[PDB]
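A lone chain, given as C-alpha cells: the form deposited without 4-ethylmorpholine (6LB).
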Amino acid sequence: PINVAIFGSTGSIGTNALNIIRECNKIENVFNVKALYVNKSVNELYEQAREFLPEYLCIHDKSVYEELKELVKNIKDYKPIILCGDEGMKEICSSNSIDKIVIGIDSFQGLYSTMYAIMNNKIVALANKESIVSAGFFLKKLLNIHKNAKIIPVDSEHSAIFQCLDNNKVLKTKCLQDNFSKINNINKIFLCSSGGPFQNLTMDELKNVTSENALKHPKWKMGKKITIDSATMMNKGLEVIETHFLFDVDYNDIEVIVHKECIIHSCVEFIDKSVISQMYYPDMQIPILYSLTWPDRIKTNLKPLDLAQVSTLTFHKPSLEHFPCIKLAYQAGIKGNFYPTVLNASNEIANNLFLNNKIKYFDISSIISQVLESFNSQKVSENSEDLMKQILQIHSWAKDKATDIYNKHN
C-alpha cells in the first residue's frame, strides 16, 4: 500500500487529494492516509480523521490544539498521535511509516515542510510553484545531498510534461537534477496556458482592467492570487522558470502556447522531433493522483475524455506586448542568479496591490521591472544554511523594494 501524508489537508490541493484517494480506494485498497496536517481548521480536521483514520494528526495553531484532543475521543477504535506546530510537522516527516508527502501549503511554511521531507528522503508531491521559482538552487543542492529524496510535480502543466516522459529514462535520474533533459532525450517544451480572461483585449482596454474583471469572469474557479497571475500571465511566467528547474530545459527551448480549451495540458518535443502530449478535462485530480502512483497508474471512475464532443482544439502565440509579465519572467530566468527570487517576491506585492485596487494592470509589470533592474547579482553561497538565508534576505529585500516604489508614486 501507498502510505501518504497530506500537508494542508483542508486547502484546495489537500481536499482534491483526499477526494481522489477516497474514490480510488473504493475500487481497490491502494492508499493508507498516515498523516493529516492543517493550520487551524479543527472541525474539518476532525471530520477527515473520522473518515481516513490517520496514525498522525497535527495542527499548527496552538489555541485550537486541546479542542482537537477532545474531538477525536468521539472516534471509536482509534488512538492517533496528536501533535502541534512546526515540531509535529518534523516528527511526521521523520516517521518511517510515511513514504510520500503532498505539500499543499503556500509561502514559507510550504518550503519549510518540503525541506524537512527531503531531509528525511521522502517522495514529495509538490504543488507550490513559488518555492521552486524562489528557492530552486537550495532545493537542487538538498536533492544532491539526500539522494533518495524526490520531488514529483503536481502543477498541471509540469505533471503533464512528466507524464509524457519514458519512465525507463526517468528512473535513471530525477527532477531538479543536472542532465535530466539529456537523459530523457528532451529537445523542447510546449507549456500550455488557458490565456486568462484578457486575450482579446487591446492595449488601451488592458490599461483599465480591474481586479473584479479578473475575478468575476474566471474560466476555472481558483484562489485570488493565482487568478490574478492567470490574468497577467505571470502564472505562466513562473511556470517557465519552474520548467527550467524541474527538467533542466534551456529557456530558449520553452515555448508558451495559448490553448483556451484546456484539454492538452502541455507537450514535450524529443530530439527526433516527435511530440508527446497529455490530455484530459481540466481536473486537478489527475496530476495529484499521478504524483502518488508514479511510476505506475491505478484505476479511476473519472469521466472518459470524449474527443468528438470536444471537437476543436486551438493554439496561438501569446502577445508579449499585452502580457509583459511573460517577458520579465524569461529575462529573470535567463539572467539567472537570484533574479527568479526577486521576480517572485516583487510579483507577490504587485499582485496584491492590484487585487486591492491600489495600482493598474501595467503598473504590475512596471513595478516588477524596476525591482529587477535594482538587483545586483550575488555570489551564490556554497553552504546550504547560508544559501537559504541568502534566499530569504533577497525575498524580503525585493518585497520591500516593490512596496517603496509603490509608496513613492502614491
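One rule holds for the numbers: they count along the sequence shown, beginning at 1.
Unshown form solved in complex with 4-ethylmorpholine (6LB); subsequent notes refer to it.
Based on heavy atom distances of 4.5 Å or less, which listed stretch (24-32, 372-380, 348-356, 66-74) is in contact with 4-ethylmorpholine (6LB) in the bound PDB entry?
Answer to the contact question: 372-380.
Using heavy atoms only and a 4.5 Å cut-off, decide whether all three of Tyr116, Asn120 and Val124 touch 4-ethylmorpholine (6LB) in the bound PDB entry.
Verified in the bound PDB entry; spot residues all out of contact, no.
Residue (of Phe198, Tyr339, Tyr112, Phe180) lying close to 4-ethylmorpholine (6LB) in the bound PDB entry, criterion heavy atoms within 4.5 Å:
Spelling it out, the residue with a heavy atom inside the cut-off is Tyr339.
Using a 4.5 Å heavy atom cut-off, which residue among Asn187, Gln331, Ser107, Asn213 comes into contact with 4-ethylmorpholine (6LB) in the bound PDB entry?
Checking each option against 4-ethylmorpholine (6LB) in the bound PDB entry, the one that comes within 4.5 Å is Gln331.
Contact between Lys335 and 4-ethylmorpholine (6LB) in the bound PDB entry at 4.5 Å, heavy atoms?
Yes, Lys335 lies within 4.5 Å of 4-ethylmorpholine (6LB) in the bound PDB entry.
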